[PDB]
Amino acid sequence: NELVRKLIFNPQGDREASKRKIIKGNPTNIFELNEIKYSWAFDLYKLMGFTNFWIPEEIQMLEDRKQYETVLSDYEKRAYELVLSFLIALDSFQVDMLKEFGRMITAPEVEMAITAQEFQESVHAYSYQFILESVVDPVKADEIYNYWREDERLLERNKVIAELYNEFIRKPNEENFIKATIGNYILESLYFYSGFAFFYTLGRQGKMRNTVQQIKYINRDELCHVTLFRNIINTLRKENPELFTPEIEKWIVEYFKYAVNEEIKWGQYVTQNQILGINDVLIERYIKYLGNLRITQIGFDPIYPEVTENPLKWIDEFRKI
């Protein structure tokens, strides 16, 4: 089931916005934005593109360079490096992969939303370069960008995230599309969140609160990104039920469980109970709470039915802007 990439202009395209599909539609590829079939796509474009606009270099980085230099434990510095190294990798993969999704989507408003998302991932990449230029020395910043070259746990996370995307790239069929889409949702649902919790920990004890400002903006973006793919997956289920074979529906629950498992083993490798305010048990229930939250939001039963409340419920108010 080989998804063609639409031609640049289709004079035999449907005039009728009502006939749009997320995939395999018959558009003109003119952005006929006087009629919107997916109001969520256009609302999310306006939210990411205009409402939540932000400039990383307008966040003051006056203090963090000192707190790093003298006030951070050797464990806090290790975490800082690992977390920032991995988030740099994630946002790099996303800038690139979202171009693959956008060029396959046949609904203009959804392509618009994906373009805005791609742009926000580029802003994140700008934010990390600004965080490091401000906070650390030049060889150290190079080392953090390159830390996968020294840390096999980090290298293996990266190769694994790339694996799911490269199957679709190399073999661009409907199956490999749904799995990439699910992989995107998992990556935005889960893989930021050991990282975010750790920064909001450092920050609730008044450490690296400049870095934490940057992180709050990134995390606002990532909730919009999660919402966008939630809608794409749930609309894809309605519009293309053939694609959610029982094999696929099973795999979705396998990967979501694996993914929850790994984010926890990273959360714990990063921290190692050496970070005041977070331990290996709190981590486990955060990621399992997030897993159920996100797999149910896309039409599945909880995967960790024991967990029902959010261990870190304080983050919801801290992370607000």
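Residue indices: 1-based, along the sequence shown.
Taking the mean C-alpha B-factor of each stretch as recorded, 260 to 268 and 38 to 46 are not equal, and the higher mean is that of 260 to 268. Taking only CA atoms, the mean B-factor in the PDB entry is higher for 65 to 73 than for the other of 65 to 73 and 47 to 55.
If you compare the C-alpha temperature factors of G102, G183, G206, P108 in the entry, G206 comes out highest.
Sort the modelled residues of the chain by CA B factor and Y289 lands in the highest third. Sorting the modelled residues of the chain by their CA temperature factor places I169 in the middle third. Among the modelled residues of the chain, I298 sits in the middle third by CA temperature factor in this PDB entry.
For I23, the recorded CA B-factor ranks within the lowest third of the chain. Only modelled residues enter the ranking. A113 sits in the lowest third of its chain by CA B factor, as recorded in the PDB entry.
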